[PDB]
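J.:
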Amino acid sequence: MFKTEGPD
Amino acid sequence: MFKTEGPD
Amino acid sequence: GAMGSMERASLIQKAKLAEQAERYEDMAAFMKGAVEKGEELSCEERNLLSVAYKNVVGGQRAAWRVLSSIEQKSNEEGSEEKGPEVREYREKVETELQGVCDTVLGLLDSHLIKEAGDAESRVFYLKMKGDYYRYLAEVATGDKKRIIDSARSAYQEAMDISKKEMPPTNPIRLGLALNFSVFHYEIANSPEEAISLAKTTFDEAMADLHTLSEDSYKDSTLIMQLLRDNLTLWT
Amino acid sequence: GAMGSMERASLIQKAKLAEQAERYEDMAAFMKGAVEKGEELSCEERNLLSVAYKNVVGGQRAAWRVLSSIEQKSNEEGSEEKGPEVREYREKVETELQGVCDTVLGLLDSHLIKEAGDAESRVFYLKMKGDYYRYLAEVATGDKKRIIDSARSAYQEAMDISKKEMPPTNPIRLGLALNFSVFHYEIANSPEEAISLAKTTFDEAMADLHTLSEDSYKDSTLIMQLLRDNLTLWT
Ligand SMILES: Cc1cn(-c2cccc3cc(C(=N)N)sc23)nc1N
Ligand SMILES: Cc1cn(-c2cccc3cc(C(=N)N)sc23)nc1N
Ligand SMILES: [Cl-]
Ligand SMILES: [Cl-]
Ligand SMILES: [Mg+2]
Ligand SMILES: [Mg+2]
Ligand SMILES: [Mg+2]
Ligand SMILES: [Mg+2]
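Protein chains in written order, with the entry's author numbering: chain P, 384 to 391; chain P', 384 to 391; chain A, -4 to 137, 139 to 231; chain A', -4 to 137, 139 to 231. A prime marks a further copy of an entry chain.
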């Protein structure tokens, strides 16, 4: 999973 | 919390 | 029972999938459905039941403690009244927790315990009964006394059977003793009983390690370390 | 709406308590109730709404991926047929995930977006619409194309507003660009567009850091590091 905004 | 058996 | 139309074997398979997915509410519902089929549970199935509900009630206990702490602070000398919301929401979580404990105790009483004749199943289920009354006791106030005695009675019957029927290193026996000792310390306000039980349990298991395989040794020593962890906090 | 009888202010207070207790399903239900009061949301309240549903759908996405992986393995050349249970349970989780995304999209469409006139609220809500269509796209197969274009359209409208109305270091603008870039890479199969957007976003924010306070600097550089993390995986 690539980084996205906010939690987790 | 003292240690008890199993998960968590 | 929403799981009445699913095969027992399918419920068990889905419980294992839910565990892998960390979907513990689903896992618990699948295992409840399996129990309600009316057949006894195997060793693996007993452990699936316990793991599922332990995770569910664990989240509820952690949430309840957070809210109870906030509630207390809001009642200290010098706090700004923040209205009924903290108490209301703590009560909501508390009620959901009590409902889960009541569900588990219901399964044990209808009819896991009465059909459990082997020591490994009977001790396992009586330990569970002690544990879920203990979780109820953690949030109770007045009939707290009656809940505490229900926990004590379940744990004591489990202890009596385990001492007669299981070796001191049996992991069920060891986890029962760990939990009963924490009961004594945290719930019954008997820290000396808690320390005595933990020490005697640890010393008798140490003396029985020599009989175990490499696999069994690893399983017993794991719980022994928890007894030791507690004794270090307590003495 | 089960929260119709609770005061708006009480729902917000309980949402904050639920966050502290890590009760994100409760938090989401409280914030949904607050939205359904019909008033616009403040900046803090928008963030409570987003945090709650991000955590809920996050657990569902993680579970779905676990089950979809198990499902695939059970279909490889050489696998033992394990019956319908894995597919059935993946479908169950998938349906619950789709229901949450549909709930969020419903709130955005009734009536958060249409009442959002300020750039900071309108971009925030359009980003959310892009995100929840993206989560739908992750599990879709055939009308996947229509879902993907709905995500793209929401993200693009948010991008157009953000570029006209916000500085390059605005954290909403930066998080929108991060997520749209991941959309391009993972969902739209446009890795070159994803890399271009991430690079251009990072470079323009770098050149605007000099205008920020210590507090704002920390907020912008946090998301910039996520853009950089992705670019390192992608190039
Ligand atoms: C006969 C038998 C027993 N166990 C277990 C013993 C102890 C713990 C434990 C936890 C499990 C899980 N988290 N799924 S299974 C299982 N497993 C078996 N096959
Ligand atoms: C005006 C305003 C904005 N924020 C926020 C900005 C960004 C993230 C964030 C997360 C929150 C939470 N997890 N509760 S709040 C909050 N907070 C405010 N008071
Ligand atoms: Cl409440
Ligand atoms: Cl299912
Ligand atoms: Mg109560
Ligand atoms: Mg003494
Ligand atoms: Mg489906
Ligand atoms: Mg190229």
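C-beta atoms are modelled at their ideal positions from N, C-alpha and C, and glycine is treated no differently.
1. Would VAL134/A' count as contacting chain P if we go by Cβ distances under 8 Å?
2. Which whole-angstrom value describes the C-beta separation of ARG3/A' and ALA23/A', a residue pair presumed to lie in contact below a C-beta threshold of 8 Å?
3. My guess is that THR387/P' and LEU170/A are in contact by the Cβ rule of under 8 Å, so how many angstroms apart are they, rounded?
4. Would you say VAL178/A touches ligand 2, meaning its beta carbon is less than 7 Å from a heavy atom?
5. Is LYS9/A helix, strand or coil by DSSP?
6. Taking Cβ-Cβ distances below 9 Å as the criterion, which residues of the region 65 to 80 of chain A' are in contact with chain A?
7. Where in the region 31 to 115 of chain A do unbroken runs of the alpha helix (DSSP H), each at least 4 residues long, occur, reported from the N-terminal end onward?
8. Leaving out the 5 sequence neighbours to the left and right, which residues in its chain are closer than 8 Å to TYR151/A' when beta-carbon positions are compared?
9. Between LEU227/A' and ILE191/A', is the Cβ-Cβ spacing less than 8 Å?
10. Sort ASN185/A, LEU193/A, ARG224/A and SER209/A by Cα distance to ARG129/A and report the nearest one.
11. By the 10 Å Cβ neighbour count, where 16 or more other Cβ atoms means buried, how is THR231/A classified, buried or exposed?
12. Could you pull the start and end residues of the alpha helix (DSSP H) that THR387/P' belongs to?
13. Have a look at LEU205/A' and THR165/A' and give me their C-alpha separation to the nearest angstrom.
14. Give me the Cα-Cα distance between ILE168/A' and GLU115/A', rounded to the nearest whole angstrom.
15. Within its chain, find whatever has a CB closer than 6 Å to the CB of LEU107/A'; leave out the 5 residues flanking it on each side and keep chain order.
16. Around ligand 2, which residues pass a check of Cβ closer than 5 Å to any of its heavy atoms?
17. First and last residue of the alpha helix (DSSP H) that includes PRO167/A'?
18. Enumerate in chain order the residues of its own chain whose CB-to-CB distance from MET155/A is below 8 Å, with the five nearest sequence positions on each side excluded.
19. Would you identify the three-state DSSP class for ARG18/A', choosing helix, strand or coil?
20. Taking 8 Å as the cut-off, does the region 61 to 74 of chain A' touch the region 7 to 20 of chain A (at least 3 CB pairs, one atom from each stretch)?
21. Check the Cβ-Cβ distances between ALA(-3)/A' and every residue of chain A, and say whether any is below 8 Å.
22. Note down, in chain order, each residue of its chain lying with its Cβ closer than 7 Å to the Cβ of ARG82/A', except the 5 sequence neighbours on either side.
23. Under 9 Å between beta-carbons, which chain P residues line up against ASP225/A'? List them in chain order, please.
24. Using a Cβ-Cβ distance cut-off of 8 Å, determine whether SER5/A' contacts chain A.
25. In chain A', which residues lie with their C-beta within 7 Å of the C-beta of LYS49/A?
26. Can you find a C-beta in chain P that's less than 8 Å from the C-beta of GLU189/A'?
27. Compute every distance between the C-beta of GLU14/A and the non-hydrogen atoms of ligand 1, then say whether any falls below 7 Å.
28. For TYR84/A', verify whether its CB is less than 7 Å away from any heavy atom of ligand 4.
29. Run through chain P' and tell me which residues come within less than 8 Å of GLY53/A, C-beta to C-beta.
30. Measure the C-alpha to C-alpha separation of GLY137/A and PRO187/A and round it to an integer number of angstroms.
31. Looking only at its chain, what residues have a beta carbon closer than 6 Å to the beta carbon of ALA111/A, apart from the 5 residues adjacent to it on each side?
32. Helix, strand or coil for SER216/A? Go by DSSP, reduced to three states.
33. For chain P, find out if any of its Cβ atoms is closer than 8 Å to the Cβ of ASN185/A'; answer yes or no.
34. Hey, could you find the ends of the alpha helix (DSSP H) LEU193/A' is sitting in?
35. Using a beta-carbon distance below 8 Å, is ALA23/A in contact with chain A'?
36. Can you find the residues in the same chain that come closer than 6 Å, C-beta to C-beta, to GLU31/A', ignoring five residues on each side of it along the sequence?
T.: On the basis of the data shown:
1. Here residue 134/A' refers to the residue found at position 139 of the fourth sequence. So, not an interface residue.
2. The sequence position of residue 3/A' within the fourth sequence is 8, counting from 1. The sequence position of residue 23/A' within the fourth sequence is 28, counting from 1. Actually they do not touch by this definition, with Cβ atoms about 16 Å apart.
3. Mapped onto the second sequence, residue 387/P' falls at position 4. Mapped onto the third sequence, residue 170/A falls at position 174. That pair is no contact at about 12 Å.
4. Against the third sequence, residue 178/A aligns to sequence position 182. No, Cβ of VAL178/A sits at least 7 Å from all heavy atoms of ligand 2.
5. As a first step, residue 9/A is located in the third sequence; it is residue number 14 there, counting from the start. Correct three-state label for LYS9/A: helix.
6. Legend: CB atoms of the region 65 to 80 of chain A' lying less than 9 Å from CB atoms of chain A belong to residues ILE65, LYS77, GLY78, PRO79 and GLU80.
7. Runs found: 38 to 68 and 80 to 102.
8. For the purposes of this step, residue 151/A' is taken as residue 155 along the fourth sequence, with counting starting at 1. Here the set comprises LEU121, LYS122, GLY125, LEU172, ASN175, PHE176 and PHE179.
9. By one-based count along the fourth sequence, residue 227/A' stands at place 231. By one-based count along the fourth sequence, residue 191/A' stands at place 195. Yes, Cβ-Cβ distance for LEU227/A' and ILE191/A' is below 8 Å.
10. Residue mapping note: residue 129/A aligns to position 134 of the third sequence, counting from 1. Cα-wise, what sits closest to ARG129/A is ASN185/A.
11. Working through the third sequence from its first residue, we reach residue 231/A at position 235. That one is exposed.
12. Taking the first residue of the second sequence as 1, we reach residue 387/P' at position 4. Taken as a continuous stretch (DSSP letters only), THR387/P' belongs to no alpha helix (DSSP H), as it is neither H nor E.
13. Within the fourth sequence, the letter at position 209 stands for residue 205/A'. Within the fourth sequence, the letter at position 169 stands for residue 165/A'. Taken atom to atom, the span from the alpha-carbon of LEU205/A' to that of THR165/A' is near 7 Å.
14. For the purposes of this step, residue 168/A' is taken as residue 172 along the fourth sequence, with counting starting at 1. For the purposes of this step, residue 115/A' is taken as residue 120 along the fourth sequence, with counting starting at 1. Roughly 7 Å between the two C-alpha positions.
15. As a first step, residue 107/A' is located in the fourth sequence; it is residue number 112 there, counting from the start. Counting only Cβ-Cβ distances below 6 Å, and skipping sequence neighbours, we find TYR120.
16. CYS38/A', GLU39/A', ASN42/A' and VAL46/A'
17. Residue numbering aside, residue 167/A' sits at position 171 when the fourth sequence is read from its first letter. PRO167/A' -> alpha helix (DSSP H) spans 167 to 178.
18. Against the third sequence, residue 155/A aligns to sequence position 159. Only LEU172, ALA173 and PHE176 meet the Cβ criterion.
19. In the fourth sequence, residue 18/A' corresponds to position 23, counting from 1. If DSSP states are grouped into helix, strand and coil, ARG18/A' belongs with coil.
20. yes
21. Indexing the fourth sequence from 1 puts residue -3/A' at position 2. Not closer than 8 Å to any Cβ of chain A, the Cβ of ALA(-3)/A' fails to qualify, so no.
22. Walking along the fourth sequence from the start, residue 82/A' turns up at place 87. Correct list, in chain order: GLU66.
23. Taking the fourth sequence and counting its residues from 1, one reaches residue 225/A' at position 229. The contacting residues are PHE385 and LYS386.
24. Residue 5/A' sits at position 10 when you count from the first residue of the fourth sequence. Cβ-Cβ to chain A under 8 Å: yes for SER5/A'.
25. Here residue 49/A corresponds to residue number 54 of the third sequence, with the count starting at 1. Using a Cβ-Cβ cut-off of 7 Å, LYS49/A is close to nothing in chain A'; its nearest Cβ partner there is about 17 Å away.
26. In the fourth sequence, residue 189/A' corresponds to position 193, counting from 1. Not one chain P Cβ lies under 8 Å of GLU189/A'.
27. As a working mapping, residue 14/A is identified with position 19 in the third sequence. Checking the Cβ of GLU14/A against ligand 1 gives yes.
28. Stepping through the fourth sequence from its first residue, residue 84/A' is reached at position 89. Yes, the beta carbon of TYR84/A' sits closer than 7 Å to at least one heavy atom of ligand 4.
29. For this step, residue 53/A is matched to residue 58 along the third sequence. Neighbours of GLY53/A on chain P', chain order: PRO390 and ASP391.
30. Working through the third sequence from its first residue, we reach residue 137/A at position 142. Working through the third sequence from its first residue, we reach residue 187/A at position 191. The straight-line gap from Cα to Cα measures roughly 22 Å.
31. Numbered from its first residue, the third sequence carries residue 111/A at position 116. Scanning its chain for C-beta atoms nearer than 6 Å, with the 5 sequence neighbours on each side dropped, one finds around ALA111/A the residues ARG117 and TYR120, in chain order.
32. In the third sequence, counting from the first residue as 1, residue 216/A sits at position 220. Note: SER216/A maps to helix in three-state DSSP.
33. Along the fourth sequence, read from residue 1 onward, the residue named residue 185/A' stands at position 189. No, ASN185/A' lies away from the interface with chain P (no Cβ there is under 8 Å from its Cβ).
34. Taking the fourth sequence and counting its residues from 1, the one referred to as residue 193/A' is at position 197. For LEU193/A', the enclosing alpha helix (DSSP H) begins and ends at 187 to 202.
35. Locating residue 23/A in the third sequence gives position 28, where the first residue counts as 1. It does not: the Cβ of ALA23/A has no partner Cβ on chain A' nearer than 8 Å.
36. The sequence position of residue 31/A' within the fourth sequence is 36, counting from 1. Cβ within range, chain order: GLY(-4).
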